[PDB]
Amino acid sequence: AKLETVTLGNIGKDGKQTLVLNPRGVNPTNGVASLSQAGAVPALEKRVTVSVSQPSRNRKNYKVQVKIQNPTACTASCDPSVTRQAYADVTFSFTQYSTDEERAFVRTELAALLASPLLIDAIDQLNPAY
Amino acid sequence: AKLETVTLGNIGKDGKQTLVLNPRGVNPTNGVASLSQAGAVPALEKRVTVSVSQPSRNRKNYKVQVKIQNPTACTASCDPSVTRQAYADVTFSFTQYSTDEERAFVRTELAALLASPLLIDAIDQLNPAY
Amino acid sequence: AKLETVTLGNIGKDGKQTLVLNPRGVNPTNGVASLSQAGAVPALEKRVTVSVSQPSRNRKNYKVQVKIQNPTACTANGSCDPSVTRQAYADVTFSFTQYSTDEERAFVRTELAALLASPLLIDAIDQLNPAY
Amino acid sequence: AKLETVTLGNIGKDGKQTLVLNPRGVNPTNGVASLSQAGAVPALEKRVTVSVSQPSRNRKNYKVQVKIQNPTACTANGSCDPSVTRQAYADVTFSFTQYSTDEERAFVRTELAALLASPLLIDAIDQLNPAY
Amino acid sequence: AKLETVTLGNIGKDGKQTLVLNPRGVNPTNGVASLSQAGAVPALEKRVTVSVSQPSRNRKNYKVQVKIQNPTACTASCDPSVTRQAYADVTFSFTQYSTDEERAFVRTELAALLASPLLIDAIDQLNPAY
Amino acid sequence: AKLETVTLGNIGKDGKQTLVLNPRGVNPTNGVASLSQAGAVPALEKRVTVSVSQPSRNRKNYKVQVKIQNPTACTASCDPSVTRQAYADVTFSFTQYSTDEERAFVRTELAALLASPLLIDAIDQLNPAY
Amino acid sequence: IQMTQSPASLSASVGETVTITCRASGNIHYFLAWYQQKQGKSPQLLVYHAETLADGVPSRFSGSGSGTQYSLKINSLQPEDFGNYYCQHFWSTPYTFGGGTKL
Amino acid sequence: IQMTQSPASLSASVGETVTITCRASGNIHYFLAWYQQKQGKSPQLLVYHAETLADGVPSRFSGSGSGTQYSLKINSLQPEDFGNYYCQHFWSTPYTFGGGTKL
Amino acid sequence: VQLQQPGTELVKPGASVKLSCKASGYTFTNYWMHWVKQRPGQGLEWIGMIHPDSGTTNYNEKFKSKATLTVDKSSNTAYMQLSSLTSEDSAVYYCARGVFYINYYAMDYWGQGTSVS
């Protein structure tokens, strides 16, 4: 895994928008890699953070955590201001004896669920299943 | 939407596996819908739970949550027992004024990130991004 | 009953509009069902709530309460998003006893529904003129 | 409007009964119109009351309130006349603002009337089982 | 399992009485579904409650509980009054590793015992076995 | 009645199994009659215990109780051991003035409920009523 | 739950055994009944539990199966056994009928 | 990651099936594409996921393999299928091309 | 135990029809009553059920507007009002008696049936 520009195509509700992310180094304090929206200005752009954790004396198993957050800009002065932000985070939790098959299966299952009609109707519209 | 059988295709590392989930009702005490796999033993099932949390005076935010739980079994004895667990958790936060376009964008961006080389290497091979 | 999509037809003083409401789940603390109209910006949605007292062996009075609120959006200078200017509320309450029968409750409900379409109420609500 | 005889048809869970209400005058102290069903023994009559806030230039909120009560008579030993055993009540309240328009109020009223005839309410009132 | 009118035919000592029950929603506080006698009036009718429970930090196994209670009305005024009530409750307790065969066997065994002469003579007449 | 061998037919999910229970006496210390299955090992038996409790000054009610205990065994070692338990408990309460018709009605109603689709789905498949 | 019948048309005349299968979209725990209709347009009842049998049936009819697959079996077919056969479930509210099969 | 093609020259003319293999110095998780170049010197696109297929491909082309070994398969070779074949990966920045193979 | 039905009836489009019924030989009080429509050559379909004790109907989620069910307590009679008849849905309507004993779920004693134009 090498930090690199990550481009996502044909996303959004319509399916036409694209987003390209640029690396922003890794934090030496907590080992959190960061990706930031290409172009744009700081404090007005989309961010993604990816971290992988090692077993220790507190936790005996691995932990991968992905957090994405992105603001909305509203202009009233010269520069825009943030009105609200939308967050989202994922946290897998495997164990030291787990094989590659199980990790791949969980990742692919999570990727496939988000395209199912249940999640589409329960996230875009904020109504639960009945 | 309405709970119904959910089938997931092209799942797994190789991309040829499938999975069908049958509804297991909505718990009124916490509003968590549940989808499980077909099986006699309750402890060897693959479960998917989804919920939506309406804002209150304490939180005043919308909170959509999804959980995944995959157990693996092996016969060491007469009958198989659970050896290890694999978990996965997702959560979204939105404000009262968020438009459906932003929520759809977040969902599709999260779906597309999981298929990129960065996440494939970070989750399957447990290689930290560097 | 389990919540389902509720489609209401022939709404409006003209008599042609329709409304479609989607379930929004039950509040565990007070057991209030919720329905809402589909649309973006959840702050500008029409809401309906239904509450019923839970069945008990020693309960004296059964109370049914229904609420309606319809907000109006006005876009103003200096703000990108619309805001709620005013609210139009409604509130329906029924109260029965443990010994009442089904026919009494059905009669009360149908009588209220028929009253709301009588010229007296069509005049006292739309035009806001007292009856004398 | 001026009070008039109100005849309501197709009342009842069967769907065939009718009700005829006669005016009973306005109470000057609080301005509550009254209607009652024709019959002897005025203690065993079905009553309807309608109240509306009077129009004022500086009034903030307009409140409309409707009440219904239906008593049941049981003849018991030791008494020549019947007595009221139990009551079945109803209570409808609407609340609007000074800036609301006619269409909003008409929509709320028609929506409530249509809800009262939906299977959800027909089940939650006649059978007294909570919705879940 | 969908809440629905439940009708029981050819019950009672003679074997001719029938009872039809109507749903009354589920309690959001404790997730207890209720069934009530069709017709009749509240506080003068037969009730049945069915609940299913999930494993938690206090109990590690499932728990299904059925409670039925029904009063007797005596008229002296216009409306009847309750003189006495007869209760009955069942509580199965399976475990997370239990298969469907065992649960079905226990349910069918309990259903078949209540028709055996021992239980007939020990419930209808309140005398124990010797 | 008098304790004797109890045979139960058309038991099980498929409805073709049977079961015979042999009497094991009445315990004088608590008045609990016991019926067990044929087997050398005490820990692998299927037991049914029934009792009737005459009213006292503390309770002043009649209390009929029935219990069922089904163990399952497997050879992991030289000899099989008990892996898990499946329990079932029933209890009835009656007053001093209850007529036999009411008690028979309660017993038959409970017997008929266990064969309805609601209980079949709630117990066998552990699906909560919704 | 949707019931369907696979053959929908059968030509076996006399003597040979015949079978009619059924499928349900969900799991019905043996709550299934079989109906027979002749040219008199008044259906009769058969089996009624996917394994049992009615009073007037000459025992040449017999059913089996479990879960979501069910079948009807006829041994030593006789000339009077010709017509339409329908099946339905009794597990949920709709009580949907089957497609039907003609002999 | 360095991609290489083993044959580098193939003479099978018509009818017989042909195969072209590939190797990667590292593990690429199916991020591989196949390109075809005729004498027109403008490459076309094939497969593009080591298992899928493009729009205009007549389905005689098919790929497989996993991990570090990949292959391209042609069934019922036709005369118009003659030229150079290149492959590349899309796992890291360089996107290095393959050696190439001529038919 | 048999169920009388009036027989074939003819009605113009855009009208309502009663679909009367009569129950004999058994207590009408205890048993459910089903209504089944059979279009000629199209198989059987389930309309709904009603309980004579208290009107407790169930419906297909289809025929909600078209069909409504009522029963009179005495005279052992059941009814089926068809609100709108385009005469496109011309078929034969039966009325079976539902039975719900333990491990015994079926419709028996169907009846003759009536044809509506």
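Letters A, B, C, D, E, F, G, H and I name the chains as they come in the text, with residue numbers starting at 1 for each one.
Here is the rule we use: contacts are C-beta pairs under 8 Å (C-beta built on N, C-alpha and C of every residue); 3 or more make two chains touch, one makes a residue touch a chain.
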Fill in the blank from the handout: Listing by label each chain that touches chain F and chain I gives E, G
Practice task
Please determine the option from A-B, B-E or B-F whose contacts repeat those of E-F, over half of the contact pairs being identical by residue number.
Solution key: A-B
Exercise for the section: Could you tell me which chain's Cα centre is nearest to the average position of every protein Cα atom shown? Expected result: B
Problem - Inter-centroid spacing, chain I versus chain A (mean Cα positions, whole Å) - result: 59
Fill in the blank from the handout: Per the C-alpha means, the centres of chain H and chain I lie apart by a whole-Å value of 69
Exercise for the section: State, to the nearest whole Å, the distance from the C-alpha centre of chain C to the C-alpha centre of chain E. Expected result: 36
Practice task
Provide the C-alpha centroid distance between chain D and chain G, rounded to the nearest whole angstrom.
Solution key: 55
Fill in the blank from the handout: Flagged in chain H as touching 2+ other chains are 92
Completion exercise
In chain B, the residues touching two or more other chains are 15, 25-29, 31, 42, 52, 54, 62, 79, 97-98, 100-101, 117, 120, 124
Handout entry: chain I, residues touching no fewer than two other chains
Key = 54, 58, 102-103
Exercise for the section: Note which residues of chain G are touching chain I in the complex, please. Expected result: 31, 33, 35, 41-43, 45, 48-49, 52, 86, 88, 90, 93-100
Exercise for the section: Give every residue of chain E touching chain B within the complex, in rising order. Expected result: 1, 26-31, 54, 62, 94-101
Handout entry: In the complex with chain E, residue positions of chain G that touch it
Key = 92-93
Exercise for the section: Using the touch rule from the top, collect the residues of chain I that touch chain F in their complex. Expected result: 102-103
Handout entry: Touching residues on chain C, where the partner in the complex is chain B
Key = 24-28, 34, 40-43, 81
